[PDB]
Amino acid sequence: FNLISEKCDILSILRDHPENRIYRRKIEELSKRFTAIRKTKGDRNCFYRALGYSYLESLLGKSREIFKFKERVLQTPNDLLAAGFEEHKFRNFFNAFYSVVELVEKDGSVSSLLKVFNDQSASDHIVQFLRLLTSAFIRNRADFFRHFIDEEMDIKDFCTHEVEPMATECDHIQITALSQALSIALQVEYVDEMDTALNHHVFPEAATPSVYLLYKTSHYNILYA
């Protein structure tokens, strides 16, 4: 379990911030709303790896939701082609993602899903797929991202340098784009060392979330309500 941990009690993360007044306060408050946490490896891929694992975990045993998600994933090659990606270059990454979706359907266990996400090869193929789909979704909707995020940004350069490469860190744009590309509703809780309220953001605004993440010390960990 070197990439995604076993479930732990929320208060077990006090030990990561010993004798720290603000972090203790915020973690205690978080424990009133959430029961458990899984930690992810801080290798620069932790947003993609956490969202992918936590969303597929949320589908286990839900036959209608699995059918609808599979239908969407089957169309994603067309998003990649429309943005200029070549089939022979994305094939291995698409096939790895479709495979883990079929595991959710056929096997249906937490333990089998966690083993794929802890297999460095399978897990990194899944992350690379998610990064290419993020990039495609932004490129195909460049006017949307310039209108609503930043009129001055260079969309093609941003995707080349800050989305496609492994180990590149995320901001609001990547989170919004992957949420929209796969129709995943997610809530991010923010824990920093300023003397401020524990607070959160939902993607898209106003949705009921499937996934909850904790953003703390530049890392995305998985929460359980």
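Start at 1 with the first residue shown and count on from there.
Point to revise | Comparing 48-56 with 26-34, the one whose average Cα B-factor in the PDB entry is higher | key: On average, C-alpha B-factors are higher across 26-34.
Point to revise | 117-125 set against 148-156, stretch whose average Cα temperature factor tops the other in the entry | key: Stretch with the higher mean C-alpha B-factor: 148-156.
Practice item. Would you check the entry's CA temperature factor for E65 and let me know if it's in the chain's lowest, middle or highest third? Key: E65: CA B-factor falls in the middle third of its chain.
Practice item. Consider only the C-alpha atoms of the modelled residues in this chain, order them by B-factor as the entry records it, and name the third containing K106: lowest, middle or highest. Key: Its C-alpha B-factor belongs to the highest third of this chain's values.
Review point. Hey, what third does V188 fall into on Cα B-factor, ranked over its chain?
Key: For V188, the deposited C-alpha B-factor lands in the lowest third.
Practice item. Looking at the entry's B-factor column for C-alpha atoms only, identify whether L213 ranks in the lowest, middle or highest third of its chain. Key: For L213, the deposited C-alpha B-factor lands in the lowest third.
Check your understanding: Going by the entry, which third of its chain does the Cα temperature factor of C8 land in?
Key -> As the PDB entry reports it, the C-alpha B-factor of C8 lands in the highest third of its chain.
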